[PDB]
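In structure tokens, one chain follows: the form deposited in one PDB entry.
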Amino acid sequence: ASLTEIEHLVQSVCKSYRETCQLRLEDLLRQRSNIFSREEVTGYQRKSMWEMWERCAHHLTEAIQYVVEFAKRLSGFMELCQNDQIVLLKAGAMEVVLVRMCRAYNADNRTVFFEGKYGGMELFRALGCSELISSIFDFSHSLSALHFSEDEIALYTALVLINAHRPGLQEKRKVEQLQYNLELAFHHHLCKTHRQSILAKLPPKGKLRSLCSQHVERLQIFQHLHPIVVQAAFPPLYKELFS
């Protein structure tokens, strides 16, 4: 890859992201003043564990579908063999949502946009996994601190997805080359915008891996308790990724 190639990979990644970002920044920023009441929060806290897990699984699945659409649009992605496409999405889709969450997260009052309003952690108390929720809020709080632009998110999430280290890849060298070009793309843009100061501030890694393992660990506990909720009422795509 020449420099002209990576300069134009930048605009192209950002385009792909803009088209698949799901929720417009403009709407999320505007709806920040729209916060669930104590009564609504209580109503959520009164739901059964399983109704809450189901609700959450549906919303996450919906988010993952945009991520699959993002991936299908990413320069280079559809060029990978089917096996590696599936390995990369099985491992990185939740990760990408976890990064995309920072847009939908308001660090001023620690609220996330959920079913049409902003709410705090406590909104999800029925789930039976407050350690994980807590850590997911923290992660978004840290990312929010960086004042990530839309272009940064696009570039960053394209790298979260294209990870040549994921186990199970048949064509590790092709994804290595792709990862390299996206890394260059990401760092070139940061350089051009005077924003390399953040590279040292980015979240460590595993870190995203930890969150995603906790998610699966927690699912696994819930499935042991409510195995028929999962079989009967969790979306197929979600069971494929995390079950």
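Residue numbers here begin at 1 and follow the sequence given. Here the rigid core means the biggest group of C-alpha atoms that line up within 1.5 Å when the two forms are laid on top of each other.
One more form of this protein exists, namely the form deposited in another entry; it is left out here, but the text below deals with it.
- Superposed on the core, the two forms barely differ at residue 25: its CA moves less than 2 Å between this form and the one not shown.
- Fitting the two forms on the rigid core leaves the C-alpha of residue 16 displaced by under 2 angstroms between this form and the one not shown.
- Note: residue 58-residue 227 Cα separation is 3 Å or more shorter in the other entry than here.
- By 3 Å or more, the C-alpha separation between residue 229 and residue 42 grows in the other entry relative to the form shown here.
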